[PDB]
Amino acid sequence: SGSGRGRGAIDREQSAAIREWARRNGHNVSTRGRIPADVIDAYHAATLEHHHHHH
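What counts, and at which threshold
- Residues numbered from 1 in each chain as written, not as in the entry; some residues may be left out.
- Heavy atoms only, no water.
- Helix = DSSP H or I, 4+ residues; strand = E, 2+ residues; numbered from the N terminus.
- Rg over C-alpha atoms; globule rule 2.2 N^0.38 Å.
- Buried < 20%, exposed > 50% of the residue type's maximum accessible area, 1.4 Å probe, protein only.
- Areas by Shrake-Rupley, 256 points an atom, 1.4 Å probe, with all protein chains shown as cover.
- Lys, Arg positive; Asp, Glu negative; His and termini not counted.
- Charge placed at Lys NZ, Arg CZ, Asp CG, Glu CD.
- UniProt positions renumbered as here; feature names shortened; annotations may be inferred.
- Arc of directions from axis to C-beta.
- Contact = heavy atoms within 4.5 Å.
- Core = buried A, V, L, I, M, F, W, Y, C linked by side-chain atoms within 4.5 Å.

- This entry lists solution NMR as its structure determination method.

Here you go:
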C-alpha cells in the first residue's frame, strides 16, 4: 500500500531526453543504461551555446 518503487520513476531521468536529443541529431547513443560523457557534453553545448555563440 502507498507510494514506492512500483511507480517506475528514475532519478537521473533526463538520460531519456539526452537519448532522444542524440537520436534527433543522428548521433550514436545506446537504447538503455548509461550515455557517454562526450554526448552529455554535446547536449550541454547545444543547450548553452545556441543562444551565446550562434546566429
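On we go.
Examining the overall build of the chain
No. 1: Looking only at helices and strands, the chain features two helices and zero strands.
No. 2: Its C-alpha atoms give the chain a radius of gyration of 15 Å, clearly above 10 Å, the size a compact globule of 55 residues would have.
No. 3: Counting only residues that meet the buried cut, the chain has 9% of its 55 residues in that class.
No. 4: When the accessible surface of the chain is split by element, carbon and sulfur atoms take 48% of a total near 5400 Å².
No. 5: On the chain, the mean spot of the 8 positive side-chain charges and the mean spot of the 6 negative ones are 12 Å from each other.

Topic: the UniProt feature "DNA-binding region" in the chain
No. 1: UniProt records the feature "DNA-binding region" at residues 32-37, using the numbering of this structure.
No. 2: The annotated region residues 32-37 carries 17% helix and 0% strand content, and the separation between its end C-alpha atoms amounts to 15 Å.

Points about helix α1 (residues 15-24)
No. 1: Of the residues making up α1, those classed as buried are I18, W21 and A22. Down the axis of α1, the sector holding all buried residues measures 100°, keeping them to one side. For α1, exposure combined with an orientation more than 90 degrees from the buried face picks out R23 and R24.
No. 2: Looking at the buried positions of α1, the neighbouring elements they touch are α2 (37-49).
No. 3: Directly beyond the C-terminal end of α1, a positive phi value near 70° is found at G26.

So, the nonpolar core
No. 1: With five residues, the main nonpolar core is built from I18, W21, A22, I35 and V39.
No. 2: Counting residues per element, this core draws most heavily on α1, at three residues.
No. 3: Filtering out sequence-adjacent residues up to four positions away, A22 remains in contact with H27, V29 and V39.

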